[PDB]
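Just below is one structure, and these are the notes that go with it.
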Amino acid sequence: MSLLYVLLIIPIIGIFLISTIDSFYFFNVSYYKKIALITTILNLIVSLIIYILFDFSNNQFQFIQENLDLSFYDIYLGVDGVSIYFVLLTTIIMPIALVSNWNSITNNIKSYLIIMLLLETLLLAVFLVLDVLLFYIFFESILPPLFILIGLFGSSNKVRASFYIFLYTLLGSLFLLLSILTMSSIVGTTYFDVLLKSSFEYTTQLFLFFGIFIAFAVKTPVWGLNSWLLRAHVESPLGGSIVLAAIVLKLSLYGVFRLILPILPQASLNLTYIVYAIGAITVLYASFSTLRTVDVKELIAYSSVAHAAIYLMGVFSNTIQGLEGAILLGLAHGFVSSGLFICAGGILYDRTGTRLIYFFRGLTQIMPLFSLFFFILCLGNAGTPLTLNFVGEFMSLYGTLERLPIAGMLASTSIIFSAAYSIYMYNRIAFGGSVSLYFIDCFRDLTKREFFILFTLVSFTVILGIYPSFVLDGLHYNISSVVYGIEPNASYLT
Amino acid sequence: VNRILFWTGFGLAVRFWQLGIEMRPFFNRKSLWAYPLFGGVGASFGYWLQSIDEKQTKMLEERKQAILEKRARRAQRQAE
Amino acid sequence: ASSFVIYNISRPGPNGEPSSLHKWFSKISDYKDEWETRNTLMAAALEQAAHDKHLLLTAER
Amino acid sequence: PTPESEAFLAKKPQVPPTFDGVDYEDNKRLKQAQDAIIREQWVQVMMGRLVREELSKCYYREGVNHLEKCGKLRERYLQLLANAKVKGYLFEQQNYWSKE
Amino acid sequence: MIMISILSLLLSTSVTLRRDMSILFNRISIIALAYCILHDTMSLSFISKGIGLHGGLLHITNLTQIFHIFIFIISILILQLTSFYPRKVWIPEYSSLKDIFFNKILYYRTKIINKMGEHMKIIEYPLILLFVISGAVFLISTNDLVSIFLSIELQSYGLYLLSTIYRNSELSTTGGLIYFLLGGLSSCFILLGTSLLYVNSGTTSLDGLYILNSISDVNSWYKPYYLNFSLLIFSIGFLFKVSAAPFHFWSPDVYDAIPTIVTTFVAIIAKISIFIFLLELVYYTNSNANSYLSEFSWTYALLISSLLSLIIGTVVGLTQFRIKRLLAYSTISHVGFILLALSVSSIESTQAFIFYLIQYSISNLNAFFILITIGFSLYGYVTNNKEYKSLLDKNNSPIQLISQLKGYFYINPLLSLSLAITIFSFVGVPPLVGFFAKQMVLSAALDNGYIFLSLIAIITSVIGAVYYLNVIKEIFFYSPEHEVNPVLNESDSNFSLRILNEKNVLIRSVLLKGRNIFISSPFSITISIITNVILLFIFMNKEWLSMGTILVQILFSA
Amino acid sequence: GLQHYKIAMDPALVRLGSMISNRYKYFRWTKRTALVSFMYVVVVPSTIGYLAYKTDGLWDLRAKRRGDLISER
Amino acid sequence: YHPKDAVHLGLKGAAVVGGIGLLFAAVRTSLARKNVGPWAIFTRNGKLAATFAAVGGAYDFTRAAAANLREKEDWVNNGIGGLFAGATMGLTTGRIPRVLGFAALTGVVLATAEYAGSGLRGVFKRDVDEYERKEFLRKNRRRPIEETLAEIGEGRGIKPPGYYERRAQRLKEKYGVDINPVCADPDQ
Ligand SMILES: CCCCCCCCCCCCO[C@@H]1O[C@H](CO)[C@@H](O[C@H]2O[C@H](CO)[C@@H](O)[C@H](O)[C@H]2O)[C@H](O)[C@H]1O
Ligand SMILES: CCCCCCCCCCCCO[C@@H]1O[C@H](CO)[C@@H](O[C@H]2O[C@H](CO)[C@@H](O)[C@H](O)[C@H]2O)[C@H](O)[C@H]1O
Ligand SMILES: CCCCCCCCCCCCO[C@@H]1O[C@H](CO)[C@@H](O[C@H]2O[C@H](CO)[C@@H](O)[C@H](O)[C@H]2O)[C@H](O)[C@H]1O
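Protein chains in written order, with full-length UniProt numbering: chain A, 1 to 25, 69 to 537; chain B, 2 to 81; chain C, 26 to 86; chain D, 2 to 101; chain E, 1 to 219, 233 to 571; chain F, 3 to 75; chain G, 11 to 198.
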């Protein structure tokens, strides 16, 4: 069997073991948690084995298994240098997601672990499948377990929040389905190798673009459309919020390198000015309203909207630099947003039971270790050099500017306004007076669990910010096949 | 995937779900014979689906050749 | 200490002459044409069923 | 010239970087065409990298006199900077253009 | 074989008056339907668009036999509901082959198993279903107008009788009355349509009408306007019988009033026969040549019905609080997808039509079994909610409100996920089977120019998903209002079970509490086989979809 | 879930948050709200889009020297 | 093209749409639970029939008018008549927001119905071999460079062979400046 199926089967084996141990024993919930965490370690172990054996400049799909037994819907699993790092991020994030929420679930612990083990399978799949109809199948199988992850383990406004993400993500995904169905009917299949050969007529590509973009604007999400995220990324449990922002948000970032860039190039080129206008607006309106947010977890959720706009504008630049910067900023947001939900929804909400920023002040005086990590995370969210977030923004903004110079200049306002929301939140909670008077008793500082998941996540952000070539070497050759263009003395050689 | 493998497992999955819906214990020793019976029925149904597959393949093959005569022979008569 | 020790150990040398570990690594992950031979077959068959589905779905009523 | 490394044989394109006379339903030939265009564009941009590295040494070697002693390197680097960009193959795969 | 079965069963039930003798007559109705499956299975060794039999008044087709067997198996699964007691008592001491085959268990089974329950006492219930099945498998194979009329009445009249068979319920008799009075008007429409066909064509044979339509379809004294006008009246009656909007107000009321056992059968079987019959009629009334004939195509009524059924079925269901009224409206939104695939007559739409009908009949069946099993499960539970106290026919429909399902995840977690997997299939979420059905119907419509209807369909699918999620949120997002019965576990309350042997000597005595009472195996196994088919279709799709591709290859062949 | 530490929850601030979370239930279409809802959603993005349309491929700085022109069109 | 009398056609919609709504008021009176009488169809439910008449007359007239004004026949006019129909729909409820909301909801449907093609009747048949049409669009993998340039245009990173010499001409015609870049090398 292929080694890419081993990534899928392990979480499946782990769900089986959680449901069949109580039959060998009133077993403790501690042993439920250990099995799920070990089984996400193994996926990470395997995924690094896949990465050692990867070939950084091969234009054929790798780790493929020859099926030669065709059906109507067959799983085809290939790994490519444009998808490898999305897989690695998934497998590094899911253990922290489990450890972060280790004592906070308290009830329905089996069901909680079985959903996350299910989620890791489906999100691993969406990066590994070699069809665009297969891509859609897994891109939307994550929807039922997320409706239940929010309504069982979510906060007060959990019911409306779970309806919002499900219904918005269902609606937006059904316009992508109509366009995928058109592509398949014209071409006969949705297997990548046969689609990338095929070139659609301009008018068809103009109508496939309207349909793949409706979906991804719903799933970025852009400003006019993000009302599900400000509910779902907040009412959800801590572990739900980590997966939703780090991994689920990137399903459409990686889905533009497959669905738009190679098969609808003329449409992408001629409509970019519409994308850039939308992207510029969500860099401003989201930045303006991230200043006035009184919910700490909601402030982090709103930050993701402004970040996602920068990478969306990068993936539409037709430049090798904005394309790699978009993947780097997708990865960068993955580690940093994870840490700030760990700070907001998993530490202050553990100790105070509230998310209102009015009750917090001067937390440096009694939690110095929280303050140190909270400040480093806050500076990466502000796009400060030495973090992977700065590199992703620099390259994303450069390509946005080289393609359409006016929108990149309005996108670069982020540099100013991301810094203004990030420092203002940090100053209000850690600094900004003395330990607040609403704290009747003292609050303990970080536990050894809270320290080491923040430390792990922060370490990824810095070392990748110093040596981004750890991720750039795989991207260069594979990214070099989604650029559309020619130069006069370099093309059509004889 | 292998049909005999999928269907054998499908029968083992059907036993696990039935005990879960009944809330009866999975794996009590004096009832473990159910898993072999459910798996054997899953093996047998699948040997029947392999015979179904074999015949359908012949039929779809013939038809794709017939549509390739109708399109051909019509083009032959349009050459006049 | 560990980084400096490992880094010094894994250096190639004055001119070529890779280590035994290095020779082992490039050996296991060779796949000189194994991905190209497998993907070429699959592309052929999925091209073939792209044609066959048009033929069956576009037949004369 | 510098001896061609052993690692520089498994990745050396065997085909001219074109699509003229390339059957697309032949996947191996088509993929090798694609790979052959990608590597020419990349060698061209790495040729600029190396000339720019020489220009840098010439600049620090000559100091005030850089404005007279490093112009041949300047000329080569400024030619590669407009001749070479990594533009991909997707345009060349989907369009046929001829001298006529 | 269905006719030999009705006559033999009729003679046996005619000379008995014993009500304890009903469970066994339902078991023989399952064995009887198994011989019919062995006969139609062996009648599938030929290729033909059709063979007229019995003087041309009947026809046999590969599509006709497949549907005959599908009808017989869907019938064998509903029959299990009346052939096995709802609950069972299981102990690991009596669980091996030697025990279940050579040993025996004796205890007071009456109040545990509901031996004298209502659904276990009607003796003619296995017979009435067998007369409905007969009308369904005749309608599939009708080659003449009179045969259509006589078959549709055989099926319709037996549905009314099934809906009135709980004679001591004010609800059931009300529903049978609504069904007969609105069903009789539908039959006038079907009779008017056929009469106007014969009176203008001189023929009652469908093939002659097909040829009169074939010769007319060419791009003066006798325009064939009657065919499209006659078939539009004709389809109005069949639209009512399948409850497509606008003629849908009857189904929510009848499906909620009659007992849940009964609504499994009545809400499935009539659509399977009516929709298969319409497909052959749509194929041969097609206008290949764009002429004035295609401007009055009768298929437009199905296009307007489908559009209206998509809207009505998904909008009106938002404010339902009764589960059976909810499920009635959900079926109307599913016939809006079945009706679009039928209206676009293409090779892709017919293959998508065939898949949608079979898989939806299979999944809505799971939705009915899960509901009936949850009703039987609450026997060991009690509740103090004041609203449940005032419900009517609490024995014929145990679950009536969606609020009675609050916190079922806490009572039975996998039964709740079976109801989740089935409802998410109605929504059309991947990788579930119901996704792959709506995918095919949308692709068929888009490929042939029905872009406007596709956008309407995906919009209403969002709206219809709202009331499906309300059911899911109710089962999982809250804590139950149902508590375990305190007496069943009282420590002093135990029922003695005796293990005997072949020569009736005690092997063991055992003390059992309410913790030793479970769901019966026929219900648990049936639920798990269908929940698994919905969840694992992506790994087992070749034989099911290939059967449809071959079937439409023949109907369109030549 | 877990019991948190004691917080002097402010009756005033709790209802302020309860005001914000429920705020949208009371939004109405007035002449004032339409004006803001029209400027932010339509005018400002339409204005940005127009500049993005008219300057597309207008300028390139790549390799351009003295004697050459930044404008590409 | 052939001009059409807008006023005539506009009345036809009023009678056609209004005629149906008159049948709806007949249903309302028949299902009245009191002894309201036959003439109640024109007194109690008259506003039901009037709004159908108002909407029908606005639509067909405004569309036929817009057809005459633009001197074209296409999906666009089914839009203009649609907006003026929903505009009349909201005039009854007396709320300004509903006037815009109904018009947006009404007009977007009618344009979408027409542009997508007439679905509710017989869809237009091209009467051509579908196997040839589908197979051509699957194997139409390369195109003439000139064909693509028309839709996207040379520039924006699409620099086809000869772009510089053409750009020289384009700039000379517009700015009026001869292009002569500096050698940037003191020797040769
Ligand atoms: C497509 C469908 C939707 C996709 C998402 C699927 C989500 C599946 C969730 C996991 C399955 C159900 O998870 C199930 O939860 C119930 C809650 O009563 C647990 O049941 C147990 O809960 C607690 C645990 O301490 C016990 O005290 C209680 O006695 C027992 O009922 C089961 O041990 C667990 O397996
Ligand atoms: C969960 C779903 C699992 C799959 C369920 C469906 C599986 C069964 C599908 C069988 C039907 C298609 O498979 C095939 O069809 C054709 C046409 O009808 C039939 O084929 C039959 O007619 C031909 C023609 O004379 C005979 O020579 C042949 O021996 C006979 O089998 C059979 O029925 C079956 O061989
Ligand atoms: C960081 C992103 C940077 C790129 C985006 C901004 C680029 C701006 C480039 C501006 C210069 C482009 O090229 C420039 O065109 C303008 C057009 O008015 C000319 O500007 C001139 O135009 C007229 C003649 O028409 C003169 O009389 C006038 O004094 C002056 O405005 C310059 O002579 C020419 O050099």
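The beta-carbon is built from N, C-alpha and C at its ideal position, and this holds for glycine as well.
Beyond the five residues adjoining it in sequence on each side, residue 324 (chain A) comes within less than 7 Å, by CB distance, of 266 in the same chain, given in chain order. Residue 117 (chain G) and residue 97 (chain G) have their C-alpha atoms some 9 Å from each other. Under DSSP, residue 511 (chain E) forms a beta bridge with E:106, E:522.
Within the chosen limit of 7 Å, ligand 2 does not reach the beta carbon of residue 1 (chain E) with any heavy atom. As the crow flies, the alpha-carbon of residue 534 (chain A) is around 30 Å from that of residue 173 (chain A).
Residues of the segment 439-459 of chain A with a C-beta atom less than 9 Å from some C-beta of chain F are 445, 446, 447, 448, 449, 450, 453, listed in chain order. Excluding five sequence positions before and after residue 7 (chain A), the CB atoms of its chain that fall closer than 8 Å to its own CB belong to 86, 89, 90, 93, 130, 134, 167, 171, given in chain order. In the DSSP assignment, residue 394 (chain E) falls within the unbroken beta strand (DSSP E) covering 394-396. In this structure, residue 157 (chain A) and residue 18 (chain A) form a Cβ contact; the two beta carbons are roughly 6 Å apart against a cut-off of 8 Å. For residue 48 (chain C), no chain D residue has a Cβ inside 8 Å of its Cβ, as the nearest lies near 12 Å away. Around residue 172 (chain G), the beta-carbon contacts reaching into chain A at under 9 Å are 531. Against chain A, the CB of residue 37 (chain F) has no partner CB under 8 Å away; the residue lies outside that interface. Taking 8 Å as the cut-off, the Cβ atoms of residue 509 (chain E) and residue 519 (chain E) do not count as close. Shortest Cα-Cα distance from residue 280 (chain A) to any of A:141, A:110, A:501 involves A:141.
In terms of CA proximity to residue 515 (chain A), A:372 leads the group A:82, A:372, A:238, A:200.
Listed along chain B, the residues sitting closer than 7 Å to residue 566 (chain E) by beta-carbon distance are 64. Of the residues B:81, B:41, B:57, B:61, the one whose Cα lies closest to the Cα of residue 13 (chain B) is B:41. Contact of residue 74 (chain D) with chain F is not assigned, every C-beta pair being separated by 8 Å or more. Here residue 122 (chain A) carries a strand assignment [DSSP, helix/strand/coil]. For residue 194 (chain A), the closest Cβ of chain E is nearer than 8 Å.
In this structure, residue 448 (chain E) has its beta carbon at no less than 7 Å from each heavy atom of ligand 2. The nearest non-hydrogen atom of ligand 1 is 7 Å or more from the C-beta of residue 20 (chain B).
Around the beta carbon of residue 76 (chain B), fewer than 16 other beta carbons sit within 10 angstroms, so the residue counts as exposed. The secondary-structure analysis by DSSP pairs residue 144 (chain E) across a beta bridge with E:205.
Contacts between residue 48 (chain F) and chain G, judged by CB atoms closer than 9 Å, are missing: the closest CB pair is about 17 Å apart. What residue 232 (chain A) touches in chain B, judged by beta-carbon distance under 9 Å, is nothing: the nearest beta carbon there is about 16 Å away. Proximity to residue 42 (chain D) across D:101, D:88, D:13 peaks at D:88, based on C-alpha coordinates. Here residue 296 (chain A) is not near residue 233 (chain A), since their CB atoms are 8 Å or more apart. In the assembly as shown, residue 557 (chain E) is a buried residue. Its beta-carbon has 16 or more other beta-carbons within 10 Å.
A residue is listed when its beta-carbon falls short of 7 Å from at least one non-hydrogen atom of ligand 3; in chain order these are A:444, A:448, F:61, F:63, F:71, F:72, F:73, G:185.
Below 8 Å, enough C-beta pairs join the segment 40-56 of chain B and the segment 544-556 of chain E to call them touching: three or more. Listed in chain order, the alpha helix (DSSP H) runs fully inside the segment 544-571 of chain E are 555-568, counting runs of at least 4 residues. Here DSSP, grouped into helix, strand and coil, assigns residue 130 (chain G) to coil. For residue 52 (chain E), the enclosing beta strand (DSSP E) begins and ends at 51-53. Listed by position along chain D, the residues whose Cβ is nearer than 8 Å to that of residue 61 (chain C) are 29, 32.
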